[PDB]
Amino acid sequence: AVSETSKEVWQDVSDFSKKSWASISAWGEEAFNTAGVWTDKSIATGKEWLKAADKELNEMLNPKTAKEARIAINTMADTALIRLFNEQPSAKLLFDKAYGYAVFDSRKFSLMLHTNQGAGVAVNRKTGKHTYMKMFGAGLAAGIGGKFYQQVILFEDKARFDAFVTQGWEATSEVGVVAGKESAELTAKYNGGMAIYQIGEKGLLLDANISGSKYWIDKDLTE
């Protein structure tokens, strides 16, 4: 009756959304942790999942607590990988060989973020460890990616990943950037295993210099 439906109104208006997202939130990880080619079916399902994920990310913007931020960034990172594979299926084959990866987004999923910065995370695929990080994007400052920007870095080799997550990084050239000129497999081979993708809403950003960018550990978020 009304007593019960009333309680339903508070409960479902407050929580039904989170429960609905929780029923599908695993899809991205489940999909990308299964080795193999990123097929047309995976692309189509991924696009459908991204519709829901981006609605959820809208609700996650501007987190108030470190826990909320870590959750938001983690969710963002899953979306970037799916978006990347949908835009460039070959990247899935490189991801399958990755020791680790990092993802940054210009949206405010960290506690603090300034214009031209990105919030993100580096994930060690062997140990599971997440290192929360921030970036200054030279391309953002130059005027690209204004409506939407993600950056995905794949690390085939442990040494460069370990350096990235312990020391941070500064980009002093375009070495490592996937820029429409060659296989990312080759980019990585000649860059200590490291390949950098820049992602727009509709496709890869292929002419966006990163030189001048900086990457550091977000001390307000990582434990």
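Quick note: we count residues from 1 along the sequence shown, nothing fancier.
Stretches 100-108 and 136-144 differ in mean CA B factor, with 136-144 having the higher one. According to the PDB record, 145-153 carries the higher mean C-alpha B-factor of the two stretches 145-153 and 82-90.
The top Cα temperature factor in the record, among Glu68, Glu182, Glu30, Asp162, falls on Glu182. The entry lists a Cα temperature factor for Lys55 that places it in the middle third of the chain's modelled residues. Sorting the modelled residues of the chain by their CA temperature factor places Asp40 in the middle third. The PDB entry assigns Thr75 a C-alpha temperature factor belonging to the lowest third of its chain's modelled residues. Sort the chain's modelled residues by C-alpha temperature factor and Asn62 lands in the middle third, per the entry. In the deposited entry, the Cα temperature factor of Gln117 sits in the bottom third of values across the chain's modelled residues.
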